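Student: Structure below; questions to follow.
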Amino acid sequence: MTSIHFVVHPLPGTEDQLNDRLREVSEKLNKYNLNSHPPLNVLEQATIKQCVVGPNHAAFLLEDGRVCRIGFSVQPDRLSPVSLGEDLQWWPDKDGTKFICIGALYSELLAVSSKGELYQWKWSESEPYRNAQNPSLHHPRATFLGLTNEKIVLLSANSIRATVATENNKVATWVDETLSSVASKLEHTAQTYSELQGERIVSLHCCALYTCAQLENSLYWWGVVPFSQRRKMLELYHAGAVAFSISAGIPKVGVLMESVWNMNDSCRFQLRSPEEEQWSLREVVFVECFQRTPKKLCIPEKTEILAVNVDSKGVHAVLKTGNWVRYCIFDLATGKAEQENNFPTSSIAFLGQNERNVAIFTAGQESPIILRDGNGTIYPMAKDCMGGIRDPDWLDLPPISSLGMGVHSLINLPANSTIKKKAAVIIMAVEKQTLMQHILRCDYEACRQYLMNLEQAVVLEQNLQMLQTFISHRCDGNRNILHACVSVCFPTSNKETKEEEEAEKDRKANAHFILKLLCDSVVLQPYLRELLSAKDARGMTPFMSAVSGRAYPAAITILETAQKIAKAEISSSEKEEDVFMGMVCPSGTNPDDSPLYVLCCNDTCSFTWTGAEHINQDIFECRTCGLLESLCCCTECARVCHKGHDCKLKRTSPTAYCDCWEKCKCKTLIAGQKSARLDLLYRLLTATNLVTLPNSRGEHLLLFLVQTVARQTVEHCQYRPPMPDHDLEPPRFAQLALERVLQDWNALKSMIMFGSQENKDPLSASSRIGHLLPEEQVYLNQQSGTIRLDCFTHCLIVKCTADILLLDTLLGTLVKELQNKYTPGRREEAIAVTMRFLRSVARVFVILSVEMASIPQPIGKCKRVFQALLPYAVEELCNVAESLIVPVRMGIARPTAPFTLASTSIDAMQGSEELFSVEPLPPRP
Ligand SMILES: [Zn+2]
Ligand SMILES: [Zn+2]
Ligand SMILES: [Zn+2]
């Protein structure tokens with residue numbers, strides 16, 4: 001059962017207004033109850049195969065061959081939105097013949113039946129045309145087209161022209177009866193093109209001027225030569241020509257009497273009766289330079305083709321190469337790929353369950369493009385400041401069984417109004433998924449009654465076909481019921497976070513109760529593993545979506561549910577850790593999409609604690625979003641925002657105040673619950689192994705946290721206490737995160753033993769050495785890396801001169817693991833970790849002491865570290881001095897220039913910053 005909806009989109013418009021109309025339909029489905037029409041209720045209980053839109057009428061083709069039509073009127077436009085006709089009447093079918101295809105022209109409605117008969121119905125006439133002389137003949141031009149001796153299959157209809165095709169590779173075309181005067185030389189009857197032989201034509205799509213035929217592995221076009229190729233023809237039109245235009249929703253034929261020299265202007269055409277207007281030459285095609293032969297489009301070899309639709313801009317195609325999907329726009333001037341675009345989401349989620357649901361919908365020249373993916377949902381397309389596809393914002397819509405749109409022209413416009421003349425009318429037959437809509441409407445009672453009814457039905461009749469059909473239910477962006485519940489559970493306001501800072505509807509609660517009800521459901525137990533281990537269009541599980549969307553109690557509930565389910569299904573291989581990591585953070589995942597890393601880098605945006613001020617920050621630039629000249633963004637914007645974009649850091653940074661909300665939707669303006677965030681960090685530290693995996697910049701979590709702390713200490717001291725809200729405190733989470741992570745013998749071990757043999761850094765040249773000579777592999781495997789460890793030690797000691805607690809935390813963890821005579825192998829492991837850390841501390845201390853003249857705070861911190869670990873620091877300092885004194889005694893010292901010492905401490909820090917804050921050599925691409 002499906003429901004019918006009407007969308008009015010005035011022309012000319014952008015994709016943003018169309019997306020706003022689709023969104024308005026989406027919340028009218030979601031939060032505005034339900035509404036329909038009396039005469040369309042009979043259409044709701046059947047599978048509508050095809051919907052077409054005429055000038056003032058709409059036609060529906062069903063599965064059983066019944067065709068119905070209705071009238072409508074659209075008043076408002078732009079500087080229910082439609083009025084429907086009172087009664088619906090059907091096609092007279094006393095002969096009992098079912099119908100296969102329908103199509104809409106301006107003056108007639110076309111039908112193709114199973115017996116190969118073409119039927120024509122006038123819009124003005126209330127009864128379909130039947131010839132009295134020939135009872136077996138029904139189309140008035142069937143004799144002229146010569147289709148009476150061949151069974152007919154494929155139809156394509158548009159505003160003025162129609163193109164039709166048999167089984168015998170015979171294609172014909174004609175124009176509407178309102179242009180019968182110029183219909184002597186623009187058309188052709190059924191030929192047999194030898195160039196199209198070899199493969200059956202699988203689809204035909206007609207534009208307003210030309211038409212296209214898609215075969216099994218080729219594309220051909222024929223018809224009117226486009227306006228871009230008229231430059232070479234005039235590389236200048238004499239008077240006396242006869243032309244036609246389709247402007248303002250009406251087709252008209254005129255005659256020229258001026259001489260034309262420049263073709264970029266507008267010309268005045270004398271009107272011709274069907275038995276004197278100023279028209280632009282871009283919408284005028286001279287008839288009395290026509291591509292009467294099919295021309296092959298250039299496509300790459302071994303590429304499957306999915307959906308073809310044509311318009312004035314060219315040929316729009318979806319191409320599949322291997323396991324990848326491109327979107328292509330072909331220009332008819334050269335026949336090559338004019339525009340090539342890659343989808344910003346995953347291709348696997350775009351392919352969906354079935355590849356036959358991918359389609360492209362358009363209505364004419366200026367009409368927009370609606371793309372339908374493999375799941376039957378709408379993929380919203382928009383253009384960024386560059387020439388790519390913007391990141392899509394999901395509409396939360398059910399899949400569409402049938403979609404059809406057309407161009408309508410408004411009637412009797414006043415002369416003193418700026419209302420646009422033309423619009424597009426879109427008709428949707430959206431499916432209903434009742435528990436999906438119950439989840440999206442935030443109602444606990446309907447979900448509870450549905451689960452109780454399903455449990456009673458399984459207990460009584462033992463039927464699970466409806467349940468296994470409901471498991472495969474999807475929303476937009478490849479989202480299941482759990483994904484929809486998580487997306488509903490996102491925080492919206494900052495009221496609780498605003499009120500907790502002092503002296504220091506019911507949608508959310510119903511959503512949480514719904515999540516608990518589906519988590520503790522008895523009947524949903526054998527499918528919750530497949531529900532939780534599913535990836536959406538961004539490649540995230542519901543736990544990853546709850547972490548990234550700042551829904552922390554939802555992530556806590558999902559984590560307990562995964563821990564409960566995973567312990568009862570070990571049995572065979574693919575064991576407990578494999579099931580748990582499949583549910584939490586699966587393999588083949590980007591390192592910047594880890595739940596621990598994302599949980600660490602979700603901080604409050606800097607406009608929330610700085611208004612229109614001009615404090616000193618770090619300034620990032622996006623090429624994609626348009627933050628180019630004076631528009632800027634804070635560092636948390638570069639972390640959470642702009643993750644797949646072309647975002648860079650500018651060295652010449654003046655003062656700015658995060659102009660990120662002006663150009664895009666900043667995802668960091670709202671802070672979630674702090675206690676649930678710390679509890680999630682506590683649970684993720686002691687249950688997974690996500691802390692030993694670096695991010696896409698090759699940084700450990702400890703290095704990222706200490707760099708965030710060292711940046712925020714400098715940035716947050718210029719906060720003055722009293723369009724988005726700017727009355728919140730600066731974020732304090734990274735200090736507590738460092739204090740918790742440093743109390744762990746996995747993170748400290750992986751940080752200190754970084755760059756060793758059993759630790760791979762993706763941005764190091766020594767990581768990928770398997771294709772080299774064996775001697776070079778020996779020379780590269782002799783050494784070990786200590787760049788990032790030295791950077792971490794320098795950032796902990798020199799750049800963190802506002803706290804001491806992290807150093808005592810690290811020293812306490814080291815001493816506690818050194819005094820552990822309980823588990824085997826712990827003591828020597830802690831000894832080696834202590835040796836590596838003391839080597840790094842000794843190197844930093846030596847550099848700082850050489851740079852200073854004849855105590856500073858970092859030297860005091862190094863002395864405290866040496867005093868807390870005396871019997872090993874003495875030996876490592878002996879080794880450091882021995883290494884320093886070797887080249888003097890052997891007389892092989894490298895000559896250097898003299899330098900002056902440092903009287904103050906800021907210049908020594910400036911000189912040691914350039915020595916330790918470096919990067920290893922990247923591998924060869
Ligand atoms: Zn951006
Ligand atoms: Zn920001
Ligand atoms: Zn931002």
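Chain labels A, B, ... are given in the sequence in which chains occur in the structure tokens; within each chain residues are numbered consecutively from 1, and ligands are likewise numbered from 1 in the order shown.
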Apply DSSP to the structure's backbone, then extract all residues of segment 238-329 of chain A labelled helix (DSSP H, G or I) and return them as a list in words.
Tutor: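 After running DSSP on the backbone, segment 238-329 of chain A has helix (DSSP H, G or I) at residues 247, 248, 249, 281, 282 and 283 of chain A.
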Student: Got a sec to check which residues lie within 8 Å of ligand 2, using only C-alpha atoms and all ligand atoms, and send them as a PyMOL selection string?
Tutor: chain A and resi 605-607+633-637+658-661+666+668-669
Student: Given a cut-off of 12 Å, what residues near ligand 1 show up using only C-alpha atoms and all ligand atoms, put as JSON, numbers by chain?
Tutor: {"A": [384, 385, 386, 390, 391, 620, 621, 622, 623, 624, 625, 626, 627, 628, 631, 632, 633, 637, 638, 639, 640, 641, 642, 643, 644, 645, 646, 647, 648, 659, 660, 661, 662, 663, 664, 665, 666, 667]}
Student: Tell me, as a list in words, which residues lie within 8 Å of residue 853 of chain A, counting only C-alpha atoms; anything in the same chain fewer than 5 positions away does not count.
Tutor: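 Listing them by chain and then by number gives residues 901, 902 and 903 of chain A.
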Student: Nearest to residue 519 of chain A among A:844, A:554, A:753, A:359, with distances taken over only C-alpha atoms: which residue is it?
Tutor: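 Of A:844, A:554, A:753, A:359, the one nearest residue 519 of chain A, counting only C-alpha atoms, is A:554.
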Student: I'd like the contact shell of residue 763 of chain A - 7 Å cut-off, only C-alpha atoms, skipping same-chain residues fewer than 3 positions apart - returned as a PyMOL selection string.
Tutor: chain A and resi 698+922-923
Student: As an exercise, work out the distance from atom CA of residue 11 of chain A to atom CA of residue 226 of chain A in Å and give it to one decimal place.
Tutor: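 One can read the atom CA of residue 11 of chain A to atom CA of residue 226 of chain A distance as 21.7 Å.
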Student: Would you mind listing what lies within 8 Å of residue 719 of chain A as a list in words, with only C-alpha atoms counted and same-chain residues fewer than 4 positions away left out?
Tutor: residues 609, 610 and 730 of chain A
Student: Nearest residue to residue 743 of chain A out of A:171, A:714, A:685, A:690, using only C-alpha atoms?
Tutor: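 Closest residue, counting only C-alpha atoms: A:685.
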Student: Of the residues A:823, A:904, A:783, A:604, which is the one nearest to ligand 3, using only C-alpha atoms and all ligand atoms?
Tutor: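 Ranking A:823, A:904, A:783, A:604 by distance to ligand 3, first place goes to A:604.
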Student: Here is a test: counting only C-alpha atoms and all ligand atoms, which residue of A:602, A:525, A:36, A:156 is nearest to ligand 3?
Tutor: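 With only C-alpha atoms and all ligand atoms as the atom set, the closest residue is A:602.
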Student: Go through segment 174-275 of chain A residue by residue and, counting only C-alpha atoms, keep those with an atom at most 6 Å from segment 159-164 of chain A; for each kept residue give the shortest atom pair and its distance in Å to one decimal, ordered by chain and increasing number, as CSV.
Tutor:
```
residue,atom,partner,partner_atom,distance
A:174,CA,A:162,CA,5.6
A:175,CA,A:161,CA,4.1
A:176,CA,A:160,CA,5.3
```
Student: So that I can see what lies close to residue 42 of chain A, please list as a PyMOL selection string the residues with an atom at most 12 Å from it, counting only C-alpha atoms and leaving out residues fewer than 3 positions away in the same chain.
Tutor: chain A and resi 1-4+36-39+45-48+60+62+68+87-90
Student: For residue 740 of chain A, find every residue with an atom within 10 Å (counting only C-alpha atoms), except residues of its own chain fewer than 6 positions away, and show them as a list in words.
Tutor: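 The contact residues come out as residues 678, 681, 682, 685, 734, 806 and 809 of chain A.
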Student: Would you please work out which residue, of A:330, A:866, A:792, A:657, is nearest to ligand 3 when using only C-alpha atoms and all ligand atoms?
Tutor: A:657
Student: Taking only C-alpha atoms and all ligand atoms into account, name the residue in A:263, A:107, A:144, A:619 that is nearest to ligand 3.
Tutor: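 Selected residue with least distance to ligand 3: A:619.
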Student: When you draw a straight line from atom CA of residue 221 of chain A to atom CA of residue 300 of chain A, how long is it in Å?
Tutor: 17.0 Å
Student: Hey, can you check how far atom CA of residue 5 of chain A sits from atom CA of residue 428 of chain A?
Tutor: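 Computed distance, atom CA of residue 5 of chain A to atom CA of residue 428 of chain A, equals 5.1 Å.
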